[PDB]
Amino acid sequence: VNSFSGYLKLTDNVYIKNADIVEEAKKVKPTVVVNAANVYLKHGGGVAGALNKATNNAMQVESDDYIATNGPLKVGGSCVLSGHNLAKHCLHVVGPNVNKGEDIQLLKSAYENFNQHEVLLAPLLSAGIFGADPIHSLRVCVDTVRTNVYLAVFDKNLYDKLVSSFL
Ligand SMILES: Cc1ccc2c(c1)CC[C@@H](C(=O)Nc1nnc3n1CCCC3)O2
């Protein structure tokens, strides 16, 4: 039993809710919140910009030190950093950005990072400003993630389309 509330169950391990991931994280304080990161951990907009804003830019400060030490992530890769006031940890995961021409096949690799954590609060990878089809992202999530994932979808219209079209 966990404290996630109001989710629709899609499969044995995948759950979904129309919610602002920032507000969900502040309420639940999950062990892991997933960020929709880019390889430079520049959290300018989309989910990343919103999560970082909620940390009063502390996420960005920590991320800049991470990059200065380690260099950029790989597309499809991840790193674990602090969750600040939102969660114990933040798993920064880089899905492919279609608006940069990146290989959508890397979306499965991106979701594989979730399997290193027993329970996660997450957005749909590569959705939103990353330009992929969110219906496809949900399909890859369900077919790749085996751990318990609670998906937050900000847009109510999109949430209803994702549920109604789910196979
Ligand atoms: C030609 C073409 C037309 C429409 C279209 C796509 C492509 C790809 C993605 C899709 C989409 O819904 N993306 C998305 N993911 N999170 C959100 N949105 C949009 C609305 C709010 C939040 O829409």
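Every residue, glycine as well, gets a Cβ built from its backbone with ideal geometry; the counts of neighbours run over all protein chains shown. Quick note: the coordinates plus some simple rules give every number you see, no bench work behind them.
Could you tell me the convex hull volume per residue, in Å³, taken over the Cα atoms of segment 77-143? Please report the intermediate quantities before stating the final value.
Numbers: hull volume 6.1 nm³, N = 67.
In segment 77-143, the Cα hull volume divided by residue count equals 91 Å³.
In this Cβ point-charge picture (+1 for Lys and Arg, -1 for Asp and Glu), segment 8-163 has a dipole of about 220 debye about its Cα centre.
Comparing Cα centroids, segment 120-167 and segment 2-23 end up 11 angstrom apart. Can you compute the label reach from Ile104? Point 7 Å from Cα along the Cβ direction, backbone N cut-off under 18 Å, restricted to segment 74-92. Residues 76 fall inside that zone.
Note on segment 8-163: along the principal axes its Cα atoms extend 40, 36, 28 Å, ordered by decreasing extent. For segment 111-126, 3J(HN,Hα) computed residue by residue from phi via the Karplus equation (6.51, -1.76, 1.60; θ = phi - 60°) reads 5, 4, 4, 4, 5, 7, 9, 5, 9, 9, 9, 8, x, 6, 5, 6 Hz, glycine and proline entered as x.
What the Cβ-Cβ distance of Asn115 and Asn56 gives, at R0 = 22 Å and to the nearest 0.05, is a FRET efficiency of 0.10.
Looking at the chain, the DSSP beta bridges with both ends there are about 30 percent antiparallel. In the structure shown, the pairs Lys9/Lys108; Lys42/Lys100; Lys29/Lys156; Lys26/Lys53; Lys9/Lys156 are assessed against 19 Å; a Cα-Cα span above that value is assigned to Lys9/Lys108; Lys29/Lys156.
In loop segments of segment 7-100 as defined by DSSP, there are no chymotrypsin sites (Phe, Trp or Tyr not before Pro) with at most 11 further C-beta atoms inside 10 Å of their C-beta.
Magnitude of the charge dipole for segment 101-166, about its Cα centre and with charges confined to Cβ atoms of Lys, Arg (+1) and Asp, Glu (-1), is about 160 debye.
Using just the helices of the chain, give the 222 nm mean residue ellipticity in deg cm²/dmol: DSSP H runs with n ≥ 4 each add -39,500 (n - 2.57), and the total is spread over all residues, rounded to 500. Each step should come with its number before you reach the end.
Working: 6 runs with 57 residues, N = 167.
Value at 222 nm, helices only: -10000 deg cm²/dmol.
What FRET efficiency comes out for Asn157 versus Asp12 if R0 is 30 angstrom and r is the Cβ-Cβ distance? Round to the nearest 0.05. After rounding to 0.05, the efficiency reads 0.65.
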